[PDB]
Amino acid sequence: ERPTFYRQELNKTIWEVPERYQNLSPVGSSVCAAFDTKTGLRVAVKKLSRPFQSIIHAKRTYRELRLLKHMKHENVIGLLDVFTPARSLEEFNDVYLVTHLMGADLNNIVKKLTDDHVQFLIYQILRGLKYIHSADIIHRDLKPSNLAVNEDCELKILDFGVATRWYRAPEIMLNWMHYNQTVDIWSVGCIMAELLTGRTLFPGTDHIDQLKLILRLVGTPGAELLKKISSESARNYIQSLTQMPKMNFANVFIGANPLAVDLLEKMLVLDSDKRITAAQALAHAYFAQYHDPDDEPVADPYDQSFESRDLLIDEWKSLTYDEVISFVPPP
Ligand SMILES: Cc1ccc(-n2nc(C(C)(C)C)cc2NC(=O)Nc2ccc(OCCN3CCOCC3)cc2)cc1
Ligand SMILES: CCCCCCCCO[C@@H]1O[C@H](CO)[C@@H](O)[C@H](O)[C@H]1O
């Protein structure tokens with residue numbers, strides 16, 4: 004049966020939720040922390056904003072719900088519940104997502122950390138990324154504020170949807198036509214470095230300053246990378262730069278665990294084809310105390326074919342409705 008709903012206003016916004024959820028309190032703007044009476048858990052409830060206003064919003068709504076329904080891994084946000092107060096498709100206009108409430112984000116603890126903490130936090134990030142990447146999902150926006158952490162140091166990857186640019190792989194800023202999942206490894210590299218040093222690795226003021234700072238560390242592209250650049254304009258510009266060697270990372274990251282330094286060198290490589298993968302990184306010596314090859318699961322395949330489709334607002338709306346109706350909560 005349909006739960007009984009109750010209405011209230013929170014920060015200019017109306018909230019209509021199952022009575023199951025008590026004590027709503029805003030956190031971020037929209038999201039409320041709440042008490043879930045059925046499980047005894049503190050939960051986060053996200054009310055989507057104008058989910059079906061346009062085709063763009065409608066497809067984004069569907070994209071987010073479909074993805075969240077798929078995620079079933081300890082180090083990735085999961086869906087505890089999804090509901091709408093609507094009793095039918097015709098009046099369906101609002102979507103609420105329920106997830107576990109975590110203590111804070113990584114931006115609000117590195118606002121620096123011991124090596125054992127770095128090992129454990131980066132391990133869990135990689136473990137979640139192995140999972141996301143095995144489903145052919147690319148995060149694309151990994152940064153400390155997209156990582157939620159408890160006082161246990163348990164970590165989950167999320168995407169709320183501290184500048185994004187600072188953690189972005191250089192190919193994304195060169196507007197590269199295609200890019201692959203190791204863009205996320207670049208981001209992990211940036212995050213790990215910042216945890217070890219307590220300073221943003223590459224605090225660029227814009228995308229040009231960003232690449233400038235990046236090339237300073239990793240050096241200008243070599244012959245082998247240049248071979249793979251199809252853009253005339255980019256090739257010419259890159260080749261016209263004053264050439265710089267890759268820095269020695271052990272001197273950049275002075276006093277850091279040598280295993281950590283080694284890992285960083287394997288993550289922060291300009292040529293994306295040469296970066297360590299998440300699955301390979303888990304087997305790196307730096308994570309020797311946490312690595313367990315039989316507890317680093319992959320994901321079921323995830324069908325993203327809908328991304329290539331151009332549908333009407335009411336079609337994306339109906340598809341999202343079906344997804345709300347078919348939701349099966351975790352045990
Ligand atoms: C359009 C869109 C937007 C976001 C996503 N997305 N993607 C992912 C992954 C699987 C790739 C990491 C996750 C999301 N969506 C997502 O994390 N939504 C979400 C859900 C709840 C949120 O609550 C913010 C409050 N936090 C802080 C307290 O601890 C946990 C909850 C914030 C964001 C997918 C599509
Ligand atoms: C001045 C900075 C130059 C940045 C060069 C970025 C190189 C990124 O690496 C490239 O990633 C592509 C996208 O997945 C792959 O198709 C290429 O094979 C790979 O070399």
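Read left to right, the sequence shown gives residues 4 to 32, 37 to 118, 121 to 170, 183 to 352 (the authors' numbering).
Positions of the beta carbon are idealized from the N, C-alpha and C atoms, including for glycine.
Can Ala-299 be considered in contact with ligand 2, in the sense that its beta carbon sits closer than 8 Å to one or more heavy atoms? no
For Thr-185 and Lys-152, I'd like the C-alpha separation in whole angstroms. 7 Å
In terms of residues, what are the limits of the alpha helix (DSSP H) holding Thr-218? 204–218
Please list, in chain order, all residues with a C-beta atom less than 6 Å from at least one heavy atom of ligand 2. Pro-191, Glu-192, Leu-195, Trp-197, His-199, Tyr-200, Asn-201, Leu-232, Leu-236, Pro-242, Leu-246, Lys-249, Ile-259, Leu-291, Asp-292, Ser-293 and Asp-294
Does the separation of the CB atoms of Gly-240 and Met-194 fall below 9 Å? no
Roughly how many whole angstroms lie between the Cα atoms of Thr-91 and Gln-133? 33 Å
Sort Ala-304, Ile-141 and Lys-287 by Cα distance to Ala-320 and report the nearest one. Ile-141
With a floor of 3 residues, list each beta strand (DSSP E) that falls wholly inside the segment 67–101, ordered by position along the chain. 88–90
Per DSSP, the bridge partner or partners of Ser-143: Looking at the DSSP assignment, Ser-143 forms no beta bridge with any residue, so it has no partner.
Is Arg-189 buried or exposed, if buried means 16 or more other CB atoms sit within 10 Å of its CB? buried
Should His-199 be labelled buried (16 or more other beta-carbon atoms within 10 Å of its own) or exposed? exposed
Pick from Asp-88, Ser-56 and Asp-283 that is closest to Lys-45, judged by C-alpha positions: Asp-88
Rounding to the nearest angstrom, what Cα-Cα distance links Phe-274 and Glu-98 in this structure? 57 Å
Anticipated Cβ contact below 8 Å, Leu-246 with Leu-291, distance rounded: 6 Å
For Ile-334, tell me which candidate among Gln-60, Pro-351, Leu-122 and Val-50 has the shortest Cα-Cα distance. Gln-60
Tell me whether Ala-157, by its Cβ, gets closer than 8 Å to a heavy atom of ligand 1. yes
For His-126, the residue or residues it bridges with in DSSP: DSSP lists no partner for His-126.
Can you tell which of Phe-8, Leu-113, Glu-160 and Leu-167 has its C-alpha closest to the C-alpha of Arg-94? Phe-8
Under a Cβ-count criterion, where at least 16 other Cβ atoms within 10 Å of its own Cβ denotes burial, should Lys-338 be classed as buried or exposed? buried
Below 9 Å between beta carbons: does that hold for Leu-74 and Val-105? no
Under a three-way DSSP split, which group does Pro-29 fall into? strand
For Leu-138, which residues from the same chain have a beta carbon less than 6 Å from its beta carbon, with the 5 sequence-adjacent residues on both sides left out? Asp-205 and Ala-299
Tell me the rounded alpha-carbon separation between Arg-67 and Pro-58. 8 Å
When the Cβ atoms of the segment 249–263 are set against those of the segment 152–162, are three or more pairs found closer than 8 Å? no
Could you name the residues that DSSP lists as bridge partners for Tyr-24? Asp-43
For the beta strand (DSSP E) containing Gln-11, name the first residue and the last one. 8–13
Give me the residue from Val-209, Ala-144 and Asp-283 with the minimum Cα distance to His-80. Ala-144
Just confirm the distance between the C-beta atoms of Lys-54 and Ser-37, as a whole number of angstroms; I'd bet it's less than 8 Å. 5 Å
What residue range does the alpha helix (DSSP H) around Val-105 cover? First-last for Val-105: 103–107, but that is the beta strand (DSSP E), not the alpha helix (DSSP H).
For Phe-327, is the classification buried or exposed, using 16 other Cβ atoms within 10 angstroms of its Cβ as the cut-off for buried? exposed
Any heavy atom of ligand 1 inside 8 Å of the beta-carbon of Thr-106? yes
When every heavy atom of ligand 1 is checked, does at least one fall within less than 8 Å of the C-beta of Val-183? no
Beta carbon of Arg-67: closer than 8 Å to some heavy atom of ligand 1? yes
Looking at C-alpha atoms only, which residue of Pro-351, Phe-348 and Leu-332 is the closest neighbour of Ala-65? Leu-332
Can you check whether the CB of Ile-84 is closer than 9 Å to the CB of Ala-157? yes
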